[PDB]
Colleague: 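Here it is: the structure, laid out below.
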Amino acid sequence: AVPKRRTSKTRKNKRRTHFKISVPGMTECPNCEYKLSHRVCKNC
Amino acid sequence: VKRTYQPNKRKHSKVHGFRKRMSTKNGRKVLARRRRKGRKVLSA
Amino acid sequence: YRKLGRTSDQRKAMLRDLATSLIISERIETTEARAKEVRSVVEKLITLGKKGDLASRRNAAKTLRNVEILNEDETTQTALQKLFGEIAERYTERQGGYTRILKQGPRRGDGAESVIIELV
Amino acid sequence: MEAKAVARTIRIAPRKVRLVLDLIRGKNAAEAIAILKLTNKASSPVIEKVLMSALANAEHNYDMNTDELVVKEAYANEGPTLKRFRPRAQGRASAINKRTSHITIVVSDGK
RNA sequence: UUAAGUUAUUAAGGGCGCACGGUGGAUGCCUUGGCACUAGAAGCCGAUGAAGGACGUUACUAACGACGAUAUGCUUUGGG
RNA sequence: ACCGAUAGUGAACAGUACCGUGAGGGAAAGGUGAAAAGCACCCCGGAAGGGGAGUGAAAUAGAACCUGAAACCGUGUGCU
RNA sequence: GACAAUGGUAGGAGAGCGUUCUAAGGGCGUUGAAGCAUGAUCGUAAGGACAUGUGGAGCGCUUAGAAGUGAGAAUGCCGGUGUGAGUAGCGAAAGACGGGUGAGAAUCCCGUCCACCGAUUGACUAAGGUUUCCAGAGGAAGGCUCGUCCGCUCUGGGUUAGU
RNA sequence: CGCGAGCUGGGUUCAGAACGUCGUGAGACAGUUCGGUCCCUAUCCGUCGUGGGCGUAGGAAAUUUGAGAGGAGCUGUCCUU
RNA sequence: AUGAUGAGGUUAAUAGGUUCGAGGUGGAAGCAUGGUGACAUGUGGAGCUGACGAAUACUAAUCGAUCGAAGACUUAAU
Ligand SMILES: CC[C@H]1OC(=O)[C@@](C)(F)C(=O)[C@H](C)[C@@H](O[C@@H]2O[C@H](C)C[C@H](N(C)C)[C@H]2O)[C@](C)(OC)C[C@@H](C)C(=O)[C@H](C)[C@H]2N(CCCCn3cc(-c4cccc(N)c4)nn3)C(=O)O[C@]12C
Ligand SMILES: [K+]
Ligand SMILES: [Mg+2]
Ligand SMILES: [Mg+2]
Ligand SMILES: [Mg+2]
Ligand SMILES: [Mg+2]
Ligand SMILES: [Mg+2]
Ligand SMILES: [Mg+2]
Ligand SMILES: [Mg+2]
Ligand SMILES: [Mg+2]
Ligand SMILES: [Mg+2]
Ligand SMILES: [Mg+2]
Ligand SMILES: [Mg+2]
Ligand SMILES: [Mg+2]
Ligand SMILES: [Mg+2]
Ligand SMILES: [Mg+2]
Ligand SMILES: [Mg+2]
Ligand SMILES: [Mg+2]
Ligand SMILES: [Mg+2]
Ligand SMILES: [Mg+2]
Ligand SMILES: [Mg+2]
Ligand SMILES: [Mg+2]
Ligand SMILES: [Mg+2]
Ligand SMILES: [Mg+2]
Ligand SMILES: [Mg+2]
Ligand SMILES: [Mg+2]
Ligand SMILES: [Mg+2]
Ligand SMILES: [Mg+2]
Ligand SMILES: [Mg+2]
Ligand SMILES: [Mg+2]
Ligand SMILES: [Mg+2]
Ligand SMILES: [Mg+2]
Ligand SMILES: [Mg+2]
Ligand SMILES: [Mg+2]
Ligand SMILES: [Mg+2]
Ligand SMILES: [Mg+2]
Ligand SMILES: [Mg+2]
Ligand SMILES: [Mg+2]
Ligand SMILES: [Mg+2]
Ligand SMILES: [Mg+2]
Ligand SMILES: [Mg+2]
Ligand SMILES: [Mg+2]
Ligand SMILES: [Mg+2]
Ligand SMILES: [Mg+2]
Ligand SMILES: [Zn+2]
């Protein structure tokens with residue numbers, strides 16, 4: 001129910017290895033800057 | 001659920017007010033103690 | 001079919017509201033899942049309107065809301081009348097596919113995918 | 001040269017800001033702008049404003065190229081923490097840390 | 001070319017060292033306030049309404065000091 | 001041959017804030033600079049906040065303002 | 001020079017290190033004191049220097065004197081900051097769309113439709129609270145999200161009795 | 001006397017009450033009787049599933065050998081002889 | 001659960017719609033007729049029908065972007 005020992009800096013960052021976001025899937029707008037793929041401009 | 005403090009202007013003044021304190025020697029002792037300590041509020 | 005995070009009665013009512021709003025405004029912005037669900041409702045309604053008979057009109061009245069639409073100049077009509085009038089005539093020679101969905105991207109408040117669904 | 005901009009005491013926890021910062025570090029300015037515009041995170045417009053400010057510094061104060069700029073440095077430091085409390089059960093109060101960030105962006109032409 | 005054998009390159013992340021930042025308010029320096037005493041004096045006021053307060057008074061206005069409808073002060077005698 | 005801001009009064013800025021029906025309990029909180037000379041003006045930004053330009057001996061002395069330790073949080077990488 | 005001795009708890013004995021203050025002597029310091037930081041330095045230990053950076057006005061040395069004189073543990077006291085962790089939770093419920101405003105809108109305004117209470121989720125008195133009421137302006141903090149909104153902030157207003 | 005951070009809580013070491021018994025008494029028991037709050041968001045190892053990295057001396061698509069590991073393993077009745 | 005796996009991405013049946021089926025329900029609405037009426041009969045195995053089957057590009061799978069080798073050495077048979 002509770003941590004028996006505190007988590008070291010090393011273990012914490014090891015666990016955060018995969019905690020990240022990825023670059024959006026984006027494409028240049030041929031006529032109308034960049035946009036999400038399969039989305040309309042909605043602002044151009 | 002019902003709690004202990006049920007406010008009542010009249011009750012509060014009659015039990016803890018200035019005149020009730022002046023009414024007994026021990027109440028006057030309370031006022032003297034509070035004046036000696038330098039309290040802003042001496043009674044209700 | 002999708003549940004849309006609602007009970008059956010709530011989901012049915014929301015789908016009726018969305019379908020009537022689409023019929024009235026011809027172009028609405030909603031979430032992705034709601035639009036994917038309502039495309040079927042709206043297109044089956046348009047099928048009934050193309051059928052045109054009295055029984056089809058009453059079956060359509062089971063689903064449509066009772067809303068009024070002020071047209072060009074102070075002339076009113078119901079959403080059912082528009083569905084069996086202008087909308088049905090617009091799609092006489094089109095065999096299905098009366099709507100399209102255009103994705104807009106996430107919105108600020110909850111990251112939900114906003115889309116436009118419009119009549120074709 | 002190098003141009004810099006700093007947004008101090010932004011009311012977003014540094015853990016969350018750094019997630020977005022990691023995307024644009026080392027990228028070209030235009031690519032970073034597109035990434036920030038299309039990234040769905042609360043930090044994105046704050047970071048975008050810091051980057052725009054850095055690019056404006058470049059152009060106006062140092063007459064830099066404005067099209068050959070890269071995001072040389074991008075980091076978030078910890079600002080002062082607003083200490084708050086949430087009532088819990090049994091009359092107990094629990095601490096809430098409303099953390100802040102200092103956000104820095106450095107652009108450069110590489111020369 | 002094959003066979004048998006040997007040994008690299010990678011770092012998602014981690015470790016050590018170093019560099020540069022942030023946070024935080026220790027440390028040093030400082031004193032507006034204290035602490036303990038010495039010497040000289042004085043100790044207690046009030047129905048001629050006390051001690052302590054409330055409410056007000058400044059051109060502007062919250063609090064504190066001062067003042068009391070003569071109110072952020074009046075007269076007078078000296079100093080300056 | 002007393003203290004020097006966790007000390008010394010509880011109180012250097014308070015019997016206040018706050019807690020309690022009440023008697024009563026009772027904090028935290030000092031330092032820009034020699035002088036406000038407290039950053040005209042330009043730029044990004046709704047603002048906040050910044051980068052310049054100025055003031056200053058010093059602005060990593062810019063008011064959350066002397067010094068600014070450690071825990072803690074980041075960025076770069078020499079070896080691994 | 002040449003022989004011996006030198007494990008150690010409670011505990012006894014001896015000799016020293018360092019901190020603040022005082023007296024006397026002698027010195028340092030804006031050509032940069034204390035403090036802080038770094039270093040591959042010295043001493044048998046406690047510990048002592050030097051160099052460089054930071055800092056910006058006080059401080060060593062010698063001899064002697066006096067102590068609030070040395071912390072790693074007290075479920076110690078106060079402060080700061082971690083971990084658990086982007087985890088638990090975000091406090092009974094029906095919303096949808098259009099239009100508007102705005103730097104920014106699921107969350108503000110307006111509209112239509114839908115839905116909930118209705119011996120009450122309606123209306124009015126009392127206690128209690130004491131300006132929370134109204135208008136205009138705002139969005140740092142507060143609001144368990146957002147916020148252009150607000151019982152929040154700023155400015156100006158508002159309570160009328162012979163019954 | 002495996003197993004309550006897996007469950008229950010009938011019994012047993014709780015405050016109420018009663019009987020028998022003992023004690024002057026307050027009370028008590030080689031006894032009995034009715035009633036009587038079961039908290040915890042899993043950090044590490046362990047276990048069940050399921051992904052990412054790199055390695056496997058070029059890179060890849062597919063088909064595979066099997067070192068080794070797990071699973072399975074019960075039995076009745078009747079007829080005939 | 002999410003990753004993952006598998007079917008597809010216009011040189012396309014991946015999903016939705018449309019049209020037609022299977023199965024389910026059991027006789028729609030409207031109208032006519034009979035009945036004072038409740039109702040009944042006929043039109044007519046009718047109407048309706050999520051997930052199942054087929055056909056059909058009507059709608060959506062646009063454009064595009066990212067990663068990804070160049071085969072080390074030593075000795076033997078050829
Ligand atoms: C249900 C919550 C309670 O848990 C429990 O009661 C149990 C089920 F968790 C519990 O009985 C645990 C297991 C207990 O520990 C045991 O103690 C034994 C002596 C020994 C044993 N082991 C070591 C052999 C221990 O594990 C004990 C002492 O709690 C009484 C633990 C201690 C730390 C204790 O007192 C704690 C603080 C105890 N407590 C007093 C409750 C006291 C009884 N209570 C009060 C309330 C209540 C109060 C306010 C509002 C509401 N709605 C309810 N509900 N129940 C609370 O307020 O909360 C809890 C946690
Ligand atoms: K019929
Ligand atoms: Mg669903
Ligand atoms: Mg229902
Ligand atoms: Mg409570
Ligand atoms: Mg990496
Ligand atoms: Mg540091
Ligand atoms: Mg005054
Ligand atoms: Mg200090
Ligand atoms: Mg003090
Ligand atoms: Mg400035
Ligand atoms: Mg500036
Ligand atoms: Mg400037
Ligand atoms: Mg400045
Ligand atoms: Mg400095
Ligand atoms: Mg400082
Ligand atoms: Mg010895
Ligand atoms: Mg020996
Ligand atoms: Mg001794
Ligand atoms: Mg000694
Ligand atoms: Mg000594
Ligand atoms: Mg000193
Ligand atoms: Mg001591
Ligand atoms: Mg301790
Ligand atoms: Mg903590
Ligand atoms: Mg944590
Ligand atoms: Mg998560
Ligand atoms: Mg966990
Ligand atoms: Mg979870
Ligand atoms: Mg959750
Ligand atoms: Mg709620
Ligand atoms: Mg109802
Ligand atoms: Mg109001
Ligand atoms: Mg908020
Ligand atoms: Mg207000
Ligand atoms: Mg057992
Ligand atoms: Mg049990
Ligand atoms: Mg157990
Ligand atoms: Mg029991
Ligand atoms: Mg007897
Ligand atoms: Mg029972
Ligand atoms: Mg085998
Ligand atoms: Mg093995
Ligand atoms: Mg058998
Ligand atoms: Zn575009």
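Residue numbers begin at 1 in each chain, while the letters A, B, ... track the order of the sequences. These values consider heavy atoms only, across backbone and side chains, with no hydrogens, waters or symmetry-generated copies.
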Colleague: Report yes if at least one side-chain N or O of C:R34 is closer than 4.0 Å to OP1 or OP2 of G:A96; otherwise report no.
Modeller: yes
Colleague: Counting Watson-Crick and G-U wobble pairs only, both distances under 3.5 Å, name the nucleotide matched with G:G72, or none.
Modeller: none
Colleague: How many whole angstroms separate atom CZ of C:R90 from atom P of I:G17?
Modeller: 20 Å
Colleague: Quick one: is I:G30 close enough that its OP1 or OP2 comes under 4.0 Å of any side-chain N or O from C:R58?
Modeller: yes
Colleague: State the sugar conformation of G:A92 as north or south, using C1'-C2'-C3'-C4' as the deciding torsion.
Modeller: south
Colleague: Who does H:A42 pair with, Watson-Crick or G-U, both distances under 3.5 Å?
Modeller: none
Colleague: With a cut-off of less than 4.0 Å, is there a side-chain N or O of B:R10 near OP1 or OP2 of G:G128?
Modeller: no
Colleague: Could you identify the nucleotide paired to G:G39, looking across every strand shown and requiring Watson-Crick or G-U wobble geometry with both distances under 3.5 Å?
Modeller: G:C50
Colleague: For the base of I:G50, is there a side-chain donor-acceptor partner from C:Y1 under 3.5 Å away?
Modeller: yes
Colleague: Should D:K98 be listed as having a side-chain N or O under 4.0 Å from OP1 or OP2 of G:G143?
Modeller: yes
Colleague: Would you mind telling me which residue lines up with the more 5' stretch of RNA chain F, A:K12 or D:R8, judged by nearest nucleotide?
Modeller: D:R8
Colleague: How would the sugar of E:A63 be described, north or south, if a positive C1'-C2'-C3'-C4' means north and a negative one means south?
Modeller: north
Colleague: Please measure how far the P atom in G:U31 lies from the corresponding atom in G:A57, and state the result in whole Å.
Modeller: 14 Å
Colleague: Look through every strand shown and name the nucleotide pairing with G:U155 as Watson-Crick or G-U wobble, where both distances are under 3.5 Å.
Modeller: G:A135
Colleague: Is there a donor on the side chain of A:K14 or the base of E:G15 sitting less than 3.5 Å from an acceptor on the other?
Modeller: no
Colleague: Under 4.0 Å, counting only non-hydrogen atoms across every strand here, what does A:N13 touch: a base, just sugar-phosphate, or nothing?
Modeller: sugar-phosphate
Colleague: Just to confirm, is there a sub-4.0 Å distance from OP1 or OP2 of G:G147 to any side-chain nitrogen or oxygen of C:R108?
Modeller: yes
Colleague: Would you kindly give the NZ-to-P distance between A:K20 and E:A12, to the nearest whole Å?
Modeller: 8 Å
Colleague: Take the six-membered rings of bases I:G9 and I:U10, measure centre-to-centre distance and interplanar angle, and say whether these fall under 5.5 Å and 30° respectively.
Modeller: no
Colleague: Counting only Watson-Crick or G-U wobble pairs whose two distances fall under 3.5 Å, which nucleotide matches F:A40?
Modeller: none
Colleague: Can I:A65 and I:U66 be counted as stacked under the 5.5 Å centre and 30° plane limits?
Modeller: yes
Colleague: Closest approach to the side chain of B:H12, judged atom by atom: which nucleotide of F:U21, G:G143, G:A105 is it?
Modeller: F:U21
Colleague: Using OP1 and OP2 only, check whether a side-chain N or O of A:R11 sits under 4.0 Å from E:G14.
Modeller: no
Colleague: Any donor-acceptor pair under 3.5 Å between the side chain of B:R39 and the base of F:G25?
Modeller: yes
Colleague: Is I:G8 paired to anything, Watson-Crick or G-U wobble with both distances less than 3.5 Å, and if yes, which nucleotide?
Modeller: none
Colleague: Can you tell which of I:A28, F:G49, I:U62 lies closest to the side chain of A:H38?
Modeller: I:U62
Colleague: Please tell me which of the listed nucleotides, F:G45, F:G51, E:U23, lies nearest to the side chain of D:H102?
Modeller: E:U23
Colleague: Work out the sugar pucker of I:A4 as north or south, treating a positive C1'-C2'-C3'-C4' as north.
Modeller: north
Colleague: Using atom NZ of D:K49 as one end and atom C1' of F:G49 as the other, report the distance to the nearest whole Å.
Modeller: 11 Å
Colleague: D:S101 side chain to D:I12 main-chain N or O, any donor-acceptor pair under 3.5 Å?
Modeller: yes
Colleague: Distance check: side-chain N/O of C:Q10 vs OP1/OP2 of G:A94, anything under 4.0 Å?
Modeller: yes
Colleague: To the side chain of D:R88, which of I:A60, H:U41, I:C63 is closest?
Modeller: H:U41
Colleague: Please verify, for I:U74 and E:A4, whether Watson-Crick or G-U wobble pairing holds with both distances under 3.5 Å?
Modeller: yes
Colleague: On the side chain of D:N61, is there an atom forming a donor-acceptor pair with the base of F:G52 - under 3.5 Å, no angle test?
Modeller: no
Colleague: Just to confirm, is there a sub-4.0 Å distance from OP1 or OP2 of G:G142 to any side-chain nitrogen or oxygen of D:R84?
Modeller: yes
Colleague: Paired with F:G78: which nucleotide, if any, by Watson-Crick or G-U wobble criteria at under 3.5 Å for both distances?
Modeller: E:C16
Colleague: Counting only side-chain nitrogens and oxygens, does A:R16 get under 4.0 Å of the OP1 or OP2 atom of G:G86?
Modeller: yes
Colleague: Heavy atoms from C-beta onward define the side chain here; which of F:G50, F:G22, I:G17 lies closest to that of D:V6?
Modeller: F:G50
Colleague: Check every atom of F:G51, I:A15, G:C114 against the side chain of C:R65 and return the nucleotide holding the closest atom.
Modeller: G:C114
Colleague: Choosing from E:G22, F:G25, F:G74, which nucleotide comes nearest the side chain of D:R18?
Modeller: F:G74
Colleague: Which nucleotide wins on minimum distance to the side chain of A:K35, given the candidates I:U62, G:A94, F:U21?
Modeller: I:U62
Colleague: May I ask you to verify whether the side chain of B:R33 and the base of F:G24 hold a donor-acceptor pair under 3.5 Å?
Modeller: no
Colleague: Please evaluate the base of I:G17 for a donor-acceptor partner in the side chain of C:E43 within a cut-off of under 3.5 Å?
Modeller: no
Colleague: Hey, is the main chain of C:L54 close enough, under 3.5 Å, to the side chain of C:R58 for a donor-acceptor pair?
Modeller: no
Colleague: Check whether any side-chain N or O of D:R18 sits under 3.5 Å from a backbone N or O of D:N77 as a donor-acceptor pair, and report yes or no.
Modeller: no
Colleague: Between the base of G:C97 and the side chain of C:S21, is there a donor and acceptor pair under 3.5 angstrom?
Modeller: no
Colleague: Rounded to whole angstrom, note down the P distance from E:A26 over to G:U30.
Modeller: 31 Å
Colleague: Ignoring backbone atoms, establish whether A:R39 has a side-chain N or O less than 4.0 Å from OP1 or OP2 of I:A61.
Modeller: no
Colleague: If you check the D:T9 side chain, which of F:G22, F:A64, I:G30 turns out closest?
Modeller: F:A64
Colleague: Look at the side chain of C:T99 against the base of I:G16 and say whether a donor-acceptor pair falls under 3.5 Å; ignore hydrogens and angles.
Modeller: no
Colleague: Is the base of G:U132 stacked on the base of G:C133, judged by six-membered ring centres under 5.5 Å apart and planes under 30° apart?
Modeller: no
Colleague: Using Watson-Crick or G-U wobble geometry with both distances under 3.5 Å, which nucleotide pairs with F:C2?
Modeller: E:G34
Colleague: Starting from the 5' end of RNA chain F, give me the residue, D:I10 or A:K9, whose nearest nucleotide shows up first.
Modeller: D:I10
Colleague: For the side chain of C:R100, starting at C-beta, report the closest nucleotide among I:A60, E:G52, G:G104.
Modeller: I:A60
